[PDB]
Structure formats: structure tokens, C-alpha cells
Amino acid sequence: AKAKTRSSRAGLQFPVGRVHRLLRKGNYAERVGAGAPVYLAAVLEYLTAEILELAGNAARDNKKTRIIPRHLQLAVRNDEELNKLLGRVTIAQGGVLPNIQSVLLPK
Amino acid sequence: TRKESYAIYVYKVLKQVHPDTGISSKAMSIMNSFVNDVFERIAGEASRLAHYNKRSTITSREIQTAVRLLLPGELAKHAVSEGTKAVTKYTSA
Amino acid sequence: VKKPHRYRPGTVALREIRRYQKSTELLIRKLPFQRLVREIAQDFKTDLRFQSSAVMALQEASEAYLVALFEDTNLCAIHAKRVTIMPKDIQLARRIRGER
Amino acid sequence: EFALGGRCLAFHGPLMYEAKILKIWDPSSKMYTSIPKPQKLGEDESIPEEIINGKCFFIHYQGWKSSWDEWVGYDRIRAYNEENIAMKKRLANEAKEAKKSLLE
Amino acid sequence: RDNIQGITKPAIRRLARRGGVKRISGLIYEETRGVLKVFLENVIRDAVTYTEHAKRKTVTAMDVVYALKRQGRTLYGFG
Amino acid sequence: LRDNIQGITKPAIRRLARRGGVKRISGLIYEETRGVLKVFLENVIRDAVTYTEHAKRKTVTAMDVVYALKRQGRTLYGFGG
């Protein structure tokens, strides 16, 4: 019959076949379960959607139609769980969160 | 030669969440780097788990445990839900 | 009676902090940093060629690390009821970070 | 003394300050000579009538922002000389003692 | 040859400002120079190691990425 | 099992600080120490229980604790390896 993508069968956008091939060639274990690449692609797609949503919100707040690394940095650092996840991750041209200590403020 | 990436899939996800928002090349490069990082982290943790229990096969249970160990709280819960739903849908289909 | 206008000490500093906590571009001059990198890359090997992307990635990582160290130093100095950082603050910050 | 780019001294009340000449005014031709050059009054350059008919000079004061350039006539601007520095010290001390008497 | 002096005090001041620093001592600059030098040695040594093991003469950005990654400082946007 | 974090008595924290090289100690420290220790213990035990459950076991082994500590960047020697 006609070829149908496993992502379509799982209703995903991430390529399950590519994930399975990379898992096989990644020297992680001798055998790979059939339901493994689907699970991994689903988790990756969910995380991608989450951070893309936050970045799009940030870009809109800047009245810009395209997400820039600054938007990504702002979204990641503003989201507590996302910031904790990428604790040791450095984003190029991401800048820093605008934050000034209270005692340095004029009084 | 040709080098593969995640550009098309990330683009489709973006069009799903923000059907009007564009993106720059540096942003999707960062996207691909992040995707690869997460992939390697989860796969390495799953391989470590499989070796821990003296098993030659990596199943979806291993990935579930790895995600529970690597993601904090609500992100882990939601990702577990997504993976379970996708697995059930694919098996039913 | 003519006096020249000038802001008080601590105003331009806050303006600059606001300006640079908003922008993301690199702060170090490209050529001096490249020359320093190439000079350093001589006590491991001689006649080392460099992709530009490596140099810029080095600059990005170095600047990010320096900024984080600066922020930690600022916290350390503030903990000492001060607004001025002196190198002992940097030393304490790197010591607590485990670098020392 | 009075040349394009040359150092010149300019009065201001009980004080004087060193300035640099940039435009020298010729009232007969109604033009000023400038250095980056006989050029008429510009679209924004303008001199008041009481000094546009005299030897006016468009100057920038040293130690002061470029926003404070002034079209000073021949009345206040003097030839840059050591004696002018002596008068500079004279009125500087005058202002010093005036302020000291204001305080003490 | 004193490229460490190529790191002028305006750049250090700018980095401190982005770091949220208001008042800076005069002794700071040389301390930053030294610390930055140490960091650069630590990264560049591993980068050159990777370049040599690949039997190459030109250092690639991916080498720097690996060196940073193995030091606990992950960098994105370069591969 | 309720109110056990009070089990870490003030003399115990005092001894811990003395081994830490602390000479003078404020009185409002001990509860902060208890809270931080609780956070650390929760973080470790969560992953330890995750490992135990993935193995479908009912008792937690020291070796699970070893893996949990390793994954958190705190390697411990002398407990099985």
C-alpha cells in the first residue's frame, strides 16, 4: 500500500523515523523499542511548542514579526522551569534580563 | 553534501502556535542546537538506565523515567502526558 | 555666572546600565580580542589557523562568563554594604564558584 | 589675534573665556569666511543687527559644549596675548574673592 | 605582544555595566585581565587538543563548542 | 511521620558548623539550615525513588542513592561504586 509516516500515525510533526535511526546509530543500547522514537519525538515536539509559544509572545511584545535570539533568551530566563532546565546554557547574542539592584537606585 | 536539521519541523510547530510569526536564521540555529542537546541528554540517560537494569533494549518506559528525572515538575508531567497520548494513538492506529 | 551643566556622580552610570542591559551586541573590540586569542594559541601549538566562527564563539562565551562574574562580584560587594567593587570581591566570587 | 581657527578671548560679564574662531564676519560683503571661504548668512546662521555691521566672530568656547557657540562681535573679543591671560587671572581672582565674600 | 592590554578599560566598564555594576575600583581592570586570561587558556587548550586529534591545522568552531560543552558551559547558535 | 526536621538539634548544627570552621553562630540560623537540608534531601530522594520505581522494586538501595547523587553532580565514593 501507500507509505504512511509514523508521525502521522502518532499525530506528530517530529520525524519519528529519523529519531529511530539516530537512536539506533547513537550507540545507546543493542535494541530499541518500537514505541521509543514516538515517545521521544512527542516530548521534543512538546518542549519546542512551549518555548516557541513563549518566544512568539515575547516577539509580539516587541512588536516584531520574527523571533530573534533576544526573544529566546528573554522567554527562557523569564520562565522559571525553562531557565532551570537551561541553567548552564549560554545563548549567543541573547543579552541579559534588565535587572538593577535596589541599593544602586538614586535615593 | 546535504546536512539534515530540524528547521522544517520547528517551522511547522511555530506555524501551529503562532501562525503569523516569522523567525530569523540565528534563532532556528539555536533551536536546532537546543533540540540536539535535549535529544542527547535524554538518550544518554535512557542508555544509562538500560545498562543499570541489565537490559539490551530501550523502550518508552526508559524514556518516561529519563524525562521524569531530567525535567522539573510541571514540564515533566505535561511531557509525560504528551508521550503517553502519542504512544497510545500510534499503537491504536 | 555661567556654569556648565553636568550630572551628579552615579547618574550616567545608571543610564549606561539601563542601556547595556537592553542591548545584546558584543562589547569588546574584535581585532584586539582576535590578536589575544592567537597569541594565547601559541604555547600549545604553532602555525594555528582559525575559522572566524571559532573566534566569535570564543568572544561570546568569554563575554558571557565575564558578565556573570561581574554580577556575582556586584552581589558580593553589596553584601559588604558597598557600591564599589574591588578585586577581593572577584576573588571571593571565584572562590565560592569553585574556580579557585 | 583675529584669524580663522586662531585662539581668541571673549568676555562674559565679569569673566572671560578662551574660544576658537570659526567664522570671521565682513559686514561690507555681508558674508562670513569659515573653515571646516566667503559664504553669506546661512539658512540657520544669523547675526543680530547691532553686531552684524561690525567685525563679528563665530566662536566655540574651549572646555564647553559645542551647543554654546556664539556670534561675538569685535566688542568683547580681544587679540590672544599674554596680557589677556593676565586679565583672565585678574577676573578669575575677582570672582574667587567675590564668592569668598559671599560665603565668608 | 601585550594583547592583554588590548582589553581597554572602557570595554571592562561596559561589561561591568551590562553586569549591573555602578562603581568600579581602579585595581579591578588587571584582575579581570588575569581572570579572562585564565579562562582563555582553559578553553583554548581543549580546543587545540580537539583540533590536533582530528589531525587538522585549522581550529573549527565545533571544536570550541565541544571544549565549552565539556567544561560545563554549553553554547548554542553555532552548531 | 510528622515533625522530624526538628530532630536535627541545635548542637548537631553547631557541630556541623564547627567542622565547617565557624566560630560565632547566630541563633536564627538553625531553621534556615533545616530548610536547606530539607530541600537537598527532597531533591536527592525524588530521583532515588524514581530509580527504585523504574526497577519495579519496593526497597530503596544505597546504589540507587549513588546514581541519584551522581546525576546531581555530587559523586560519592565508598558505597558500592
# chains A, B, ... in the order shown; residues from 1 in each chain; ligands from 1
$ residues_around --residues "residue D:68" --least-positions-apart "6" --cutoff "10 Å" --atoms "only C-alpha atoms" --output "PyMOL selection string"
chain D and resi 59-61
$ write_last_selection --atoms "N, CA and C atoms" --output "PDB file, in the first residue's frame"
ATOM      1  N   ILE D  59      32.450  81.749  17.278  1.00  0.00           N
ATOM      2  CA  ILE D  59      33.490  81.071  18.036  1.00  0.00           C
ATOM      3  C   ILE D  59      32.885  79.935  18.850  1.00  0.00           C
ATOM      4  N   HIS D  60      33.740  78.975  19.192  1.00  0.00           N
ATOM      5  CA  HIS D  60      33.405  77.890  20.103  1.00  0.00           C
ATOM      6  C   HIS D  60      34.298  77.989  21.330  1.00  0.00           C
ATOM      7  N   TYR D  61      33.691  77.937  22.510  1.00  0.00           N
ATOM      8  CA  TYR D  61      34.436  78.106  23.749  1.00  0.00           C
ATOM      9  C   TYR D  61      35.099  76.799  24.162  1.00  0.00           C
TER      10      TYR D  61
END
$ select_by_dssp --residues "chain A" --states "strand (DSSP E)" --output "list in words"
residues 31, 32, 66, 67, 89 and 90 of chain A
$ residues_around --residues "stretch 66-77 of chain C" --least-positions-apart "6" --cutoff "9 Å" --atoms "only C-alpha atoms" --output "ChimeraX atom specification"
/A:101 /C:83-87,89-94 /E:15-22,32,35-36
$ interface_residues --of "chain E" --to "chain B" --cutoff "7 Å" --atoms "only C-alpha atoms" --output "PDB file with N, CA and C atoms, in the first residue's frame"
ATOM      1  N   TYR E  76      24.933  27.705  22.430  1.00  0.00           N
ATOM      2  CA  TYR E  76      24.066  27.452  21.291  1.00  0.00           C
ATOM      3  C   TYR E  76      24.383  28.428  20.169  1.00  0.00           C
ATOM      4  N   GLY E  77      23.707  28.246  19.042  1.00  0.00           N
ATOM      5  CA  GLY E  77      23.804  29.174  17.939  1.00  0.00           C
ATOM      6  C   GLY E  77      24.994  28.990  17.031  1.00  0.00           C
ATOM      7  N   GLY E  79      26.105  25.424  16.219  1.00  0.00           N
ATOM      8  CA  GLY E  79      26.130  24.043  15.776  1.00  0.00           C
ATOM      9  C   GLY E  79      25.996  23.060  16.920  1.00  0.00           C
TER      10      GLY E  79
END
$ closest_residue --among "E:49, E:73, E:7, E:59" --to "residue E:37" --atoms "only C-alpha atoms"
E:7
$ closest_residue --among "C:96, C:78, C:36, C:31" --to "residue A:103" --atoms "only C-alpha atoms"
C:78
$ closest_atom_pairs --of "chain C" --to "chain A" --cutoff "9 Å" --atoms "only C-alpha atoms" --output "JSON lines"
{"residue": "C:10", "atom": "CA", "partner": "A:106", "partner_atom": "CA", "distance": 8.0}
{"residue": "C:11", "atom": "CA", "partner": "A:106", "partner_atom": "CA", "distance": 8.2}
{"residue": "C:14", "atom": "CA", "partner": "A:105", "partner_atom": "CA", "distance": 7.8}
{"residue": "C:17", "atom": "CA", "partner": "A:100", "partner_atom": "CA", "distance": 7.8}
{"residue": "C:18", "atom": "CA", "partner": "A:98", "partner_atom": "CA", "distance": 7.2}
{"residue": "C:20", "atom": "CA", "partner": "A:98", "partner_atom": "CA", "distance": 8.7}
{"residue": "C:21", "atom": "CA", "partner": "A:98", "partner_atom": "CA", "distance": 4.9}
{"residue": "C:22", "atom": "CA", "partner": "A:98", "partner_atom": "CA", "distance": 6.2}
{"residue": "C:23", "atom": "CA", "partner": "A:95", "partner_atom": "CA", "distance": 6.5}
{"residue": "C:24", "atom": "CA", "partner": "A:95", "partner_atom": "CA", "distance": 4.2}
{"residue": "C:25", "atom": "CA", "partner": "A:93", "partner_atom": "CA", "distance": 6.2}
{"residue": "C:26", "atom": "CA", "partner": "A:93", "partner_atom": "CA", "distance": 7.6}
{"residue": "C:57", "atom": "CA", "partner": "A:92", "partner_atom": "CA", "distance": 8.0}
{"residue": "C:60", "atom": "CA", "partner": "A:92", "partner_atom": "CA", "distance": 6.3}
{"residue": "C:61", "atom": "CA", "partner": "A:90", "partner_atom": "CA", "distance": 7.4}
{"residue": "C:64", "atom": "CA", "partner": "A:90", "partner_atom": "CA", "distance": 7.4}
{"residue": "C:75", "atom": "CA", "partner": "A:101", "partner_atom": "CA", "distance": 8.8}
{"residue": "C:78", "atom": "CA", "partner": "A:103", "partner_atom": "CA", "distance": 8.1}
{"residue": "C:83", "atom": "CA", "partner": "A:104", "partner_atom": "CA", "distance": 7.1}
$ write_last_selection --atoms "N, CA, C and O atoms" --output "PDB file, in the first residue's frame"
ATOM      1  N   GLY C  10      27.010  59.005  39.554  1.00  0.00           N
ATOM      2  CA  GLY C  10      26.060  57.917  39.699  1.00  0.00           C
ATOM      3  C   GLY C  10      24.880  57.981  38.755  1.00  0.00           C
ATOM      4  O   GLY C  10      24.092  57.027  38.716  1.00  0.00           O
ATOM      5  N   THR C  11      24.713  59.055  37.987  1.00  0.00           N
ATOM      6  CA  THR C  11      23.603  59.163  37.050  1.00  0.00           C
ATOM      7  C   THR C  11      23.936  58.521  35.708  1.00  0.00           C
ATOM      8  O   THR C  11      23.199  57.654  35.225  1.00  0.00           O
ATOM      9  N   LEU C  14      23.983  54.778  35.924  1.00  0.00           N
ATOM     10  CA  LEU C  14      22.688  54.116  35.832  1.00  0.00           C
ATOM     11  C   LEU C  14      22.150  54.156  34.409  1.00  0.00           C
ATOM     12  O   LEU C  14      21.548  53.184  33.936  1.00  0.00           O
ATOM     13  N   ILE C  17      23.952  51.467  32.576  1.00  0.00           N
ATOM     14  CA  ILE C  17      23.467  50.152  32.986  1.00  0.00           C
ATOM     15  C   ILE C  17      22.156  49.834  32.284  1.00  0.00           C
ATOM     16  O   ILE C  17      21.965  48.728  31.764  1.00  0.00           O
ATOM     17  N   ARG C  18      21.241  50.801  32.246  1.00  0.00           N
ATOM     18  CA  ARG C  18      19.987  50.591  31.530  1.00  0.00           C
ATOM     19  C   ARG C  18      20.235  50.360  30.046  1.00  0.00           C
ATOM     20  O   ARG C  18      19.596  49.500  29.431  1.00  0.00           O
ATOM     21  N   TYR C  20      22.907  49.119  28.481  1.00  0.00           N
ATOM     22  CA  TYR C  20      23.596  47.882  28.142  1.00  0.00           C
ATOM     23  C   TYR C  20      22.904  46.638  28.676  1.00  0.00           C
ATOM     24  O   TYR C  20      23.219  45.535  28.217  1.00  0.00           O
ATOM     25  N   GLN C  21      21.977  46.776  29.615  1.00  0.00           N
ATOM     26  CA  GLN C  21      21.118  45.662  29.981  1.00  0.00           C
ATOM     27  C   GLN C  21      19.972  45.486  29.000  1.00  0.00           C
ATOM     28  O   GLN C  21      19.180  44.550  29.148  1.00  0.00           O
ATOM     29  N   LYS C  22      19.870  46.367  28.009  1.00  0.00           N
ATOM     30  CA  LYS C  22      18.873  46.272  26.956  1.00  0.00           C
ATOM     31  C   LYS C  22      19.425  45.711  25.658  1.00  0.00           C
ATOM     32  O   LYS C  22      18.765  44.884  25.026  1.00  0.00           O
ATOM     33  N   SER C  23      20.622  46.122  25.260  1.00  0.00           N
ATOM     34  CA  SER C  23      21.233  45.671  24.021  1.00  0.00           C
ATOM     35  C   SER C  23      21.956  44.347  24.239  1.00  0.00           C
ATOM     36  O   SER C  23      22.244  43.941  25.367  1.00  0.00           O
ATOM     37  N   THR C  24      22.250  43.669  23.130  1.00  0.00           N
ATOM     38  CA  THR C  24      22.849  42.345  23.180  1.00  0.00           C
ATOM     39  C   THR C  24      24.148  42.226  22.399  1.00  0.00           C
ATOM     40  O   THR C  24      24.786  41.170  22.459  1.00  0.00           O
ATOM     41  N   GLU C  25      24.557  43.260  21.673  1.00  0.00           N
ATOM     42  CA  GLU C  25      25.740  43.153  20.837  1.00  0.00           C
ATOM     43  C   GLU C  25      26.996  43.025  21.691  1.00  0.00           C
ATOM     44  O   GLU C  25      27.008  43.335  22.886  1.00  0.00           O
ATOM     45  N   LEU C  26      28.063  42.547  21.058  1.00  0.00           N
ATOM     46  CA  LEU C  26      29.326  42.356  21.752  1.00  0.00           C
ATOM     47  C   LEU C  26      29.919  43.695  22.167  1.00  0.00           C
ATOM     48  O   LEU C  26      29.708  44.724  21.519  1.00  0.00           O
ATOM     49  N   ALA C  57      32.665  32.621  18.570  1.00  0.00           N
ATOM     50  CA  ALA C  57      32.120  31.815  19.657  1.00  0.00           C
ATOM     51  C   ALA C  57      32.934  31.998  20.929  1.00  0.00           C
ATOM     52  O   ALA C  57      32.375  32.075  22.032  1.00  0.00           O
ATOM     53  N   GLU C  60      31.897  35.309  22.410  1.00  0.00           N
ATOM     54  CA  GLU C  60      30.592  35.207  23.053  1.00  0.00           C
ATOM     55  C   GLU C  60      30.704  34.539  24.414  1.00  0.00           C
ATOM     56  O   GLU C  60      30.190  35.052  25.418  1.00  0.00           O
ATOM     57  N   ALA C  61      31.376  33.390  24.468  1.00  0.00           N
ATOM     58  CA  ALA C  61      31.485  32.663  25.727  1.00  0.00           C
ATOM     59  C   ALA C  61      32.252  33.470  26.763  1.00  0.00           C
ATOM     60  O   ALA C  61      31.852  33.540  27.932  1.00  0.00           O
ATOM     61  N   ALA C  64      30.070  36.351  28.051  1.00  0.00           N
ATOM     62  CA  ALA C  64      29.017  35.870  28.937  1.00  0.00           C
ATOM     63  C   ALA C  64      29.579  35.501  30.304  1.00  0.00           C
ATOM     64  O   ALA C  64      29.004  35.861  31.342  1.00  0.00           O
ATOM     65  N   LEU C  75      27.063  41.435  43.592  1.00  0.00           N
ATOM     66  CA  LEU C  75      26.368  40.914  44.764  1.00  0.00           C
ATOM     67  C   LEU C  75      27.300  40.829  45.963  1.00  0.00           C
ATOM     68  O   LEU C  75      26.920  41.186  47.086  1.00  0.00           O
ATOM     69  N   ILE C  78      27.913  44.342  47.328  1.00  0.00           N
ATOM     70  CA  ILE C  78      26.718  44.831  48.001  1.00  0.00           C
ATOM     71  C   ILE C  78      26.577  44.178  49.366  1.00  0.00           C
ATOM     72  O   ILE C  78      26.195  44.830  50.345  1.00  0.00           O
ATOM     73  N   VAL C  83      29.094  50.062  47.342  1.00  0.00           N
ATOM     74  CA  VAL C  83      28.689  50.209  45.952  1.00  0.00           C
ATOM     75  C   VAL C  83      29.861  50.096  44.995  1.00  0.00           C
ATOM     76  O   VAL C  83      29.657  50.123  43.779  1.00  0.00           O
TER      77      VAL C  83
END
$ residues_around --residues "stretch 25-37 of chain F" --least-positions-apart "4" --cutoff "7 Å" --atoms "only C-alpha atoms" --output "PDB file with C-alpha atoms, in the first residue's frame"
ATOM      1  CA  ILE F   5      13.012  18.073  60.796  1.00  0.00           C
ATOM      2  CA  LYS F  10      20.856  22.790  67.581  1.00  0.00           C
ATOM      3  CA  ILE F  13      24.108  22.044  63.554  1.00  0.00           C
ATOM      4  CA  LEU F  41      17.118  15.736  50.804  1.00  0.00           C
TER       5      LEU F  41
END
$ atom_distance --atom1 "atom CA of residue D:3" --atom2 "atom CA of residue D:43"
23.9 Å
$ interface_residues --of "chain E" --to "chain C" --cutoff "8 Å" --atoms "only C-alpha atoms" --output "ChimeraX atom specification"
/E:1,3-4,6-7,11,14-28,31,36,39-41,44-45,48,57-65,75,78
$ residues_around --residues "stretch 61-72 of chain F" --least-positions-apart "6" --cutoff "8 Å" --atoms "only C-alpha atoms" --output "list in words"
residues 44, 45, 47, 48, 51, 52, 79, 80 and 81 of chain F
$ write_last_selection --atoms "C-alpha atoms" --output "mmCIF file, in the first residue's frame"
data_model
loop_
_atom_site.group_PDB
_atom_site.id
_atom_site.type_symbol
_atom_site.label_atom_id
_atom_site.label_comp_id
_atom_site.auth_asym_id
_atom_site.auth_seq_id
_atom_site.Cartn_x
_atom_site.Cartn_y
_atom_site.Cartn_z
ATOM 1 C CA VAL F 44 18.002 13.550 46.174
ATOM 2 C CA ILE F 45 15.187 11.287 47.381
ATOM 3 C CA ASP F 47 15.496 10.797 41.951
ATOM 4 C CA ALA F 48 16.338 7.864 44.226
ATOM 5 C CA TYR F 51 15.304 4.898 40.090
ATOM 6 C CA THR F 52 13.790 2.421 42.549
ATOM 7 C CA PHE F 79 29.138 2.951 48.983
ATOM 8 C CA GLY F 80 29.254 0.155 46.428
ATOM 9 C CA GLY F 81 30.740 2.007 43.473
#
$ atom_distance --atom1 "atom CA of residue F:1" --atom2 "atom CA of residue F:74"
27.9 Å
$ select_by_dssp --residues "chain F" --states "helix (DSSP H, G or I)" --output "VMD selection string"
chain F and resid 5 to 7 10 to 19 27 to 54 62 to 71
$ interface_residues --of "chain C" --to "chain D" --cutoff "9 Å" --atoms "only C-alpha atoms" --output "CSV table (one decimal) with C-alpha atoms, in the first residue's frame"
chain,number,residue,atom,x,y,z
C,1,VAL,CA,27.7,83.4,36.4
C,2,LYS,CA,27.9,81.0,33.6
C,4,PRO,CA,28.5,74.2,32.7
$ closest_atom_pairs --of "stretch 12-103 of chain A" --to "stretch 70-93 of chain B" --cutoff "12 Å" --atoms "only C-alpha atoms" --output "CSV"
residue,atom,partner,partner_atom,distance
A:12,CA,B:86,CA,7.5
A:13,CA,B:86,CA,11.1
A:14,CA,B:86,CA,11.6
A:16,CA,B:90,CA,11.0
A:33,CA,B:87,CA,11.8
A:34,CA,B:91,CA,9.9
A:35,CA,B:87,CA,6.4
A:36,CA,B:87,CA,8.6
A:37,CA,B:87,CA,9.5
A:38,CA,B:87,CA,6.4
A:39,CA,B:83,CA,4.7
A:40,CA,B:83,CA,7.3
A:41,CA,B:83,CA,8.2
A:42,CA,B:83,CA,5.4
A:43,CA,B:79,CA,5.4
A:44,CA,B:79,CA,8.6
A:45,CA,B:82,CA,9.1
A:46,CA,B:79,CA,6.5
A:47,CA,B:79,CA,7.6
A:48,CA,B:79,CA,11.0
A:49,CA,B:79,CA,11.2
A:50,CA,B:75,CA,9.3
A:51,CA,B:75,CA,11.2
A:79,CA,B:75,CA,11.1
A:80,CA,B:72,CA,9.8
A:81,CA,B:72,CA,6.4
A:82,CA,B:75,CA,8.5
A:83,CA,B:72,CA,10.5
A:84,CA,B:72,CA,8.0
A:85,CA,B:71,CA,7.0
A:86,CA,B:71,CA,10.6
$ closest_residue --among "A:57, A:73, A:65, A:7" --to "residue B:17" --atoms "only C-alpha atoms"
A:57
$ decode --residues "stretch 74-91 of chain D" --atoms "N, CA and C atoms" --output "PDB file, in the first residue's frame"
ATOM      1  N   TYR D  74      33.282  92.396  17.589  1.00  0.00           N
ATOM      2  CA  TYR D  74      34.599  92.907  17.944  1.00  0.00           C
ATOM      3  C   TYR D  74      34.635  93.555  19.321  1.00  0.00           C
ATOM      4  N   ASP D  75      33.478  93.779  19.946  1.00  0.00           N
ATOM      5  CA  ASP D  75      33.429  94.480  21.225  1.00  0.00           C
ATOM      6  C   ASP D  75      34.097  93.687  22.343  1.00  0.00           C
ATOM      7  N   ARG D  76      33.811  92.389  22.439  1.00  0.00           N
ATOM      8  CA  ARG D  76      34.309  91.565  23.534  1.00  0.00           C
ATOM      9  C   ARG D  76      35.580  90.809  23.171  1.00  0.00           C
ATOM     10  N   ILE D  77      35.677  90.322  21.933  1.00  0.00           N
ATOM     11  CA  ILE D  77      36.818  89.502  21.551  1.00  0.00           C
ATOM     12  C   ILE D  77      38.063  90.367  21.439  1.00  0.00           C
ATOM     13  N   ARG D  78      39.134  89.932  22.093  1.00  0.00           N
ATOM     14  CA  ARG D  78      40.418  90.612  22.077  1.00  0.00           C
ATOM     15  C   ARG D  78      41.464  89.737  21.400  1.00  0.00           C
ATOM     16  N   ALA D  79      42.595  90.358  21.076  1.00  0.00           N
ATOM     17  CA  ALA D  79      43.716  89.631  20.500  1.00  0.00           C
ATOM     18  C   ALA D  79      44.330  88.726  21.558  1.00  0.00           C
ATOM     19  N   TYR D  80      44.565  87.468  21.197  1.00  0.00           N
ATOM     20  CA  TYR D  80      45.085  86.496  22.153  1.00  0.00           C
ATOM     21  C   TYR D  80      46.532  86.839  22.481  1.00  0.00           C
ATOM     22  N   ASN D  81      46.774  87.271  23.718  1.00  0.00           N
ATOM     23  CA  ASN D  81      48.109  87.649  24.156  1.00  0.00           C
ATOM     24  C   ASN D  81      48.284  87.249  25.614  1.00  0.00           C
ATOM     25  N   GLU D  82      49.532  87.336  26.081  1.00  0.00           N
ATOM     26  CA  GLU D  82      49.828  87.028  27.475  1.00  0.00           C
ATOM     27  C   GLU D  82      49.114  87.992  28.414  1.00  0.00           C
ATOM     28  N   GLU D  83      49.063  89.278  28.058  1.00  0.00           N
ATOM     29  CA  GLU D  83      48.325  90.242  28.868  1.00  0.00           C
ATOM     30  C   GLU D  83      46.853  89.867  28.985  1.00  0.00           C
ATOM     31  N   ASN D  84      46.284  89.256  27.945  1.00  0.00           N
ATOM     32  CA  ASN D  84      44.910  88.781  28.047  1.00  0.00           C
ATOM     33  C   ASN D  84      44.795  87.666  29.078  1.00  0.00           C
ATOM     34  N   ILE D  85      45.805  86.798  29.160  1.00  0.00           N
ATOM     35  CA  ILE D  85      45.830  85.789  30.215  1.00  0.00           C
ATOM     36  C   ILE D  85      45.975  86.450  31.580  1.00  0.00           C
ATOM     37  N   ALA D  86      46.724  87.553  31.653  1.00  0.00           N
ATOM     38  CA  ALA D  86      46.836  88.288  32.909  1.00  0.00           C
ATOM     39  C   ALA D  86      45.482  88.828  33.351  1.00  0.00           C
ATOM     40  N   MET D  87      44.717  89.403  32.419  1.00  0.00           N
ATOM     41  CA  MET D  87      43.361  89.842  32.751  1.00  0.00           C
ATOM     42  C   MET D  87      42.453  88.665  33.085  1.00  0.00           C
ATOM     43  N   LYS D  88      42.678  87.516  32.443  1.00  0.00           N
ATOM     44  CA  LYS D  88      41.923  86.314  32.772  1.00  0.00           C
ATOM     45  C   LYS D  88      42.142  85.928  34.228  1.00  0.00           C
ATOM     46  N   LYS D  89      43.405  85.880  34.654  1.00  0.00           N
ATOM     47  CA  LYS D  89      43.711  85.642  36.061  1.00  0.00           C
ATOM     48  C   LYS D  89      43.137  86.736  36.949  1.00  0.00           C
ATOM     49  N   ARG D  90      43.155  87.984  36.477  1.00  0.00           N
ATOM     50  CA  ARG D  90      42.641  89.098  37.267  1.00  0.00           C
ATOM     51  C   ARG D  90      41.170  88.900  37.607  1.00  0.00           C
ATOM     52  N   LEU D  91      40.340  88.645  36.595  1.00  0.00           N
ATOM     53  CA  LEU D  91      38.917  88.488  36.879  1.00  0.00           C
ATOM     54  C   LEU D  91      38.593  87.118  37.462  1.00  0.00           C
TER      55      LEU D  91
END
